[PDB]
Amino acid sequence: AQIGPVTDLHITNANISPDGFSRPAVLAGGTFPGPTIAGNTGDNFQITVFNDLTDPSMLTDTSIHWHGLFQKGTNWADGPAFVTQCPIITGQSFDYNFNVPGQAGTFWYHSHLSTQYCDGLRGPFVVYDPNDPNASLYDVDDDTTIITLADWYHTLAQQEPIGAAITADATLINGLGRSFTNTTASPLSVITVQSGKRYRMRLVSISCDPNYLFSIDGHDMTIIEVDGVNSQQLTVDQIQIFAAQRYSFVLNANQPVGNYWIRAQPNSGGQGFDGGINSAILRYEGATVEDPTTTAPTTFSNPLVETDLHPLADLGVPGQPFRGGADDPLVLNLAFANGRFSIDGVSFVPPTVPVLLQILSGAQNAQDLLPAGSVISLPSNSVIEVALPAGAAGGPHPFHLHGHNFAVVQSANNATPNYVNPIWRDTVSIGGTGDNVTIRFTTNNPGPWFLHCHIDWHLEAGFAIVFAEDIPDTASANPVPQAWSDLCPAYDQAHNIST
Ligand SMILES: *[C@@H]1O[C@H](CO)[C@@H](O[C@@H]2O[C@H](CO)[C@@H](O[C@@H]3O[C@H](CO)[C@@H](O)[C@H](O)[C@@H]3O)[C@H](O)[C@H]2NC(C)=O)[C@H](O)[C@H]1NC(C)=O
Ligand SMILES: *[C@@H]1O[C@H](CO)[C@@H](O[C@@H]2O[C@H](CO)[C@@H](O[C@@H]3O[C@H](CO)[C@@H](O)[C@H](O)[C@@H]3O)[C@H](O)[C@H]2NC(C)=O)[C@H](O)[C@H]1NC(C)=O
Ligand SMILES: [Cu+2]
Ligand SMILES: [Cu+2]
Ligand SMILES: [Cu+2]
Ligand SMILES: [Cu+2]
Ligand code: NA
């Protein structure tokens, strides 16, 4: 069952064995992935998060981010630790009370403390649209049509060396999959369809690192949504999905009744499908209960290419049709050396006082804010352009901006910008050496918004900056509840920190 929009959510430690290997984890709602949180567009969500964690090896504090939800007027509820709040301590709870005006689509929630979401705190978050303009393109859209893709590690996250190339031990599809080494024939996930029906499959990357080549043998996929943004219909036979991205696609159950492999090949870790790694099963009602016998093609003839995507609505592009054609045109210098990432010469290390609390306490320019050199102010009601030229080790890096979606003016592997009709999204691969992936948005949401690579090991190694958007209006725009004001005193008392 789905939960929400008003619900409790308990965060616990438990043993799980999603690939046959038992390890302890950090779980929401007692499962991996966590339960789907759902509501309708414009609803009030009140997710009262109970921190019941006791195992220090995965951290007993927590904080949860609602990925892709704009949090306009509720920056305090966004979740990134030491940007918008201090962590919730064990034995305490916190009501994330916010609204989702003007958004409808496929989202997710995850821990936003250290690398804790890798240890299991990740689940789907769906905002349905009762008047969806795509409603007539499918018959079925429910909890059974959500497909999560996850990396899973046998080593606990707090034992992963900072700045290292860290590699997973299994791909999990809907929480199940097989280990790349010491492979055992543990259970695979089954997605069941009825011959002749059309399904809105909501594909969610809950990855901490790898991108996946996703396909379904015998079937093609008609994309209708990208990171919450409705798209024109685009039919593909493979989707390369980067960490934290989402797609909705129409699956037409138009092939003979039978069993078909669902494939998710990561860019690192186990390659291929031996022993049923990187796999799940599409089963038609009436098919025999047995593994598929289907083959992938040697090459995919209609893969997703990001420049093929276009919004369903006439979203356009803000600013002027050339590089630098914005009120505030930025170019970030994105680098890696010696185990640490940097942005504009500064490696991100979380501050003691959350950025939002520094601003509410009166610090009002970005050079007054900590960490020094890690906060860039943005002017209000302005067109912002951010060029993100690739080349830093560990690519391709999927960059994500909190508080906003953005026009993808230039995509990976293509030097031509699009100032007319590019897709809008919230997480974008910056590509490879010599690329110049560039995003645009307008500043209509006061508050500090994190910008970072969504490979969680890279964020931990410093690949982040904070956009302090409209500092002067942050306090008036974002009134804070007493329970939020109580978080830093409680956290600092529990941890013997002076501030
Ligand atoms: C990605 O696109 C951005 C624009 O969106 C390019 O930025 C441009 O970068 C050049 C230098 O590479 C800038 O010109 C330089 O400016 C300094 C003065 O600030 C000057 O001292 C240098 O001699 C040179 O003129 C330019 O300001 C900047 N913005 C523009 C043109 O709008 C960036 O180079 C592109 N990166 C890649 C890898 O393609
Ligand atoms: C590399 O990225 C560029 C920019 O996104 C892509 O260029 C765009 O290509 C599309 C598809 O061909 C062009 O749209 C077409 O326009 C013609 C003429 O109006 C129209 O008859 C078709 O209905 C379609 O809309 C679009 O103009 C063009 N944009 C620009 C700025 O060049 C390009 O396709 C990408 N390269 C690859 C290999 O995918
Ligand atoms: Cu996220
Ligand atoms: Cu986010
Ligand atoms: Cu990265
Ligand atoms: Cu984030
Ligand atoms: Na425009």
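One-based numbering, in listed order, for ligands and for the atoms of each. Values below: every heavy atom of this structure, side chains too, minus hydrogens, waters and symmetry copies. We count residues from 1, following the sequence as given.
Between the side chain of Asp119 and the backbone N or O of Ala25 there is no donor-acceptor pair closer than 3.5 Å. The closest donor-acceptor contact from the side chain of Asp132 to the backbone of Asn134 lies under 3.5 Å. No donor-acceptor pair closer than 3.5 Å links the side chain of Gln103 to the backbone N or O of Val100. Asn421 places no side-chain N or O within 3.5 Å of a backbone atom of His310 that could act as its donor or acceptor partner.
For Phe45 and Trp66, the ring centers are positioned 6.0 Å apart or more.
Within the 4.5 Å cutoff, the side chain of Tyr153 has heavy atoms near those of the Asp209 side chain.
For the Cu ion (ligand 5), the nearest N, O or S atom contributed by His397 is named ND1.
For the Cu ion (ligand 4), the nearby protein N/O/S atoms, meaning those under 2.8 Å, are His65 NE2, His400 NE2.
Expressed to the nearest 0.5 Å, how far CD1 of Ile455 lies from NE2 of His397 amounts to 6.0 Å.
Geometry note: the Cu ion (ligand 5) is the vertex, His458 ND1 and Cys453 SG are the arms, and the angle is 130° (rounded to 10 degrees).
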